[PDB]
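Here are two versions of the same chain, shown separately as structure tokens and labelled structure 1 and structure 2.
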Structure 1
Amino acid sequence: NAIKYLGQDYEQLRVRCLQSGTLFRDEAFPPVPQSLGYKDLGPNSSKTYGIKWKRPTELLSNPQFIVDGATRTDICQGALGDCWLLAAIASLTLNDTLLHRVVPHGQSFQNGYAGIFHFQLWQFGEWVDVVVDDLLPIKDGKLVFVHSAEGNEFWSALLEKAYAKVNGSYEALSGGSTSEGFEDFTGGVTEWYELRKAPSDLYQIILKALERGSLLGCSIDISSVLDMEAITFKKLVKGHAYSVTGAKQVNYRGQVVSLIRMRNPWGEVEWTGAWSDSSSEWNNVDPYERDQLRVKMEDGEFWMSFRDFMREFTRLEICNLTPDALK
């Protein structure tokens, strides 16, 4: 069903390379300075100091495409300002059907390997199949850009490369809107909410949207350019895309408290207030709810009360696949 981006035929290219005993080299997006960028990542930029291009099979003994599932902990931002895109990838992982379309799971660095991978993207109103070779930007032996918490897992590095490819360069991804990423992974359409002027049933809207596999993100407005990427006292990040990854009501101090879970695509730096990983609120919830919801791990993911979320965050976006035809 997906059309072939630039006519490149993943399976025909793979089979040819396997037959000729060679590794795929992508003519359409070569491992050259212009694929990194033009200005901040351009040929004469100090920020490209030391960057080389290496396949995962040139880096480690047993590179893997997917380890323990393709999940949101596999999305840890690198040195590129594509937080909006990475938040969208992390949200995508919660919708198992769309995840398996965007990320074809039958790819490997072992059996069948020819140095070529492919992904599906929604582009200009249609699904397209995008190939990449697996040369990736490396500095000091590590991925420069997105990487997994598992150092030998490469699906998200390669998906980010495919998204750079359709944009012409990695630097073209620097600075953006989460809604673009949401839509390019789902074919859905984004609704935007100003949390100061939110409907009274917003929490129920969020619950139903997560349940149906929509993709959700949130952010804190900046007051000025100097506010960009500022870290607040309670370790939220301003001007920065977060994934909304969960929502649950718990019984707490005789009331029902609505909680919301979100993930910083840095994979680190989390809220320190109520419902944070080591907060004392967890001592007064049910032991089963505490076990189900709370994970003490610096992974970028944490809970907040909905009250605090509405106090600290400024906007929420919800990308629904079929917003006029729900269940």
Structure 2
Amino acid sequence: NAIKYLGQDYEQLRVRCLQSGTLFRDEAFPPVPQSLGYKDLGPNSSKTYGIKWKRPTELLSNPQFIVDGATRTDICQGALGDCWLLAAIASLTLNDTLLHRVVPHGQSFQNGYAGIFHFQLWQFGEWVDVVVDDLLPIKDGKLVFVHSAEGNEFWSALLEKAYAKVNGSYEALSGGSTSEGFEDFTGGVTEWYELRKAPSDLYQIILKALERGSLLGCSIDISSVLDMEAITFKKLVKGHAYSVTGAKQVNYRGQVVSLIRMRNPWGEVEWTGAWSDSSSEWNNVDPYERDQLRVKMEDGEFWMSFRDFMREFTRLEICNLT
């Protein structure tokens, strides 16, 4: 049904490997310096020094494709500036049908393992099935790029690998917090908002985008590279893409307050202002609202008020489907 990237046929390649008692080695994306990168991850780079390509089945006795669902907690940025892509993947997990397109859930390391996995990527303006072998860059016994908070989980590492594959290298995934040089992730129309000059009904726009399963991301702009990925006083990261993962209205001190939830794809480092995990704003909402929305954990995810949100962040991007 879906076009096969480069004519590679997952099931056909899988059984060939099974029947010959072997593990898949992708010719289309070899475990080689050029697959890593071309400059910062380039030949002989100190960043790539000591990298080896190892299967999860070499690292562990119990590797898992999916552990407790394929969720946003499974997206932790490694040593690669692919924050926009990782933020989009985190947002994609919130969309159940789209997630089950992109990440075929049947796959595992247990039954019929041949060192091969596949994903359905939006490429050339259609759904494209992409195979990968499960060799992944490792440094000091750990994944170099995206990892899950669950150490034996590999769907996201493998998904990032498929993206690296269709772009020719991992470094090719790097860049800015915007869709700079990144083709359609979604195919539908992309909406862009400068937050200081937003439509008066922006909160409702965000809310309805989330409800219909669009992907939302936001970032703070920069001019020079000396303040690139610079950390704010209240611990926001500049020039870095965040997933917008939720929006809720609360009754705060008797008044309707609009709140917005976002996730740093680092899976750590969070806003410390009003509505943060440990902030006192939660003492002034209905205790049951509090219990329902607040989660006290260093997980990259946090709430802000929508007003503080539009003050702090420069832009919101919405990626719609077809």
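Between two forms, the rigid core is the largest collection of C-alphas that superpose within 1.5 Å. Shifts are known only where both forms have a C-alpha. The first residue in the sequence of structure 1 is number 1, and each one after it adds one.
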Rigid core superposition between the two structures: residue from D129, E180, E191, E150 with Cα shift of 2 Å or more
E180
Core superposed first, then measure: what is the displacement of the CA of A209 between the two structures, in Å?
0.7
Send over the list of consecutive residue runs, 3+ long, where the C-alpha shift is 2 angstroms or more at every position between the two structures on a core fit.
176 to 189, 223 to 225
